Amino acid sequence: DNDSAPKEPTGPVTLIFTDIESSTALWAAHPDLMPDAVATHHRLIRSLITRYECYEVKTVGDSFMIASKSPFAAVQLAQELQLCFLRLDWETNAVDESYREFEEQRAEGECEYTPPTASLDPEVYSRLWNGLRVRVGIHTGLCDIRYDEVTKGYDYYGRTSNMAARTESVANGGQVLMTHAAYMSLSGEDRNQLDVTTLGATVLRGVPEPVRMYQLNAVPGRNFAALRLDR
């Protein structure tokens, strides 16, 4: 179960961090829907991990940490993740109703913030949003690779892992962010097969210099709030 894990300290690793947007609030509002929805979320993501020969490093709550020996496979996985979650019949509209409510609640209490999906017409909304919203951050770089003798698993520490994590932290639900390093790790040909939007320099907590962010338009037409920067 470790053949897909990047094992060479000299080989750059592409890390993908994911998290379910507003899962805490969803758990509170839908204790009856979340166990199943999250279980589905895990199954979908694990199928993608296998399909793109990536490696599941760990799961923390509903967050996934995935490693890939290939920058492109990581990007494909992230794109397919958004599409798969959008296309799946979640058997409930309650999650979407809650997401729209959260935007509305946030809008009234924050000046300079507008709901990115709650203002869409019903039919338009369902063509772009459906079910759990997963934020995804992707970064590529050399990592300090650690092997666990007891689990036979591999973990990745260092600034590279922290960079991937903070990139995910600023992404909104349904958004896929790639750092300049990840984006440029892809070959020129690979980049041209993708629909990407430059977001520009972004300030990440604990990172000295601004990081140029690239939005992978996995579900063309989606709008997002400003990045979840600290203050």
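Counting begins at 1, following the sequence as shown.
- Stretches 119-127 and 147-155 differ in mean CA B factor, with 147-155 having the higher one.
- The deposited model assigns a higher average Cα B-factor to 7-15 than to the other stretch when 213-221 and 7-15 are compared.
- Highest C-alpha temperature factor among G174, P35, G61, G200 per the entry: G200.
- When the Cα B-factors of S47, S187, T179, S70 are read from the PDB record, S187 comes out highest.
- The PDB entry assigns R191 a C-alpha temperature factor belonging to the highest third of its chain's modelled residues.
- Among the modelled residues of its chain, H41 has a C-alpha B-factor that falls in the lowest third, as given in the PDB entry.
- Remark: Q82 belongs to the lowest third of its chain, ranked by C-alpha B-factor as recorded.
- The entry lists a Cα temperature factor for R135 that places it in the lowest third of the chain's modelled residues.
- When the CA B factors of the chain's modelled residues are split into thirds, the value for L204 lands in the highest one.
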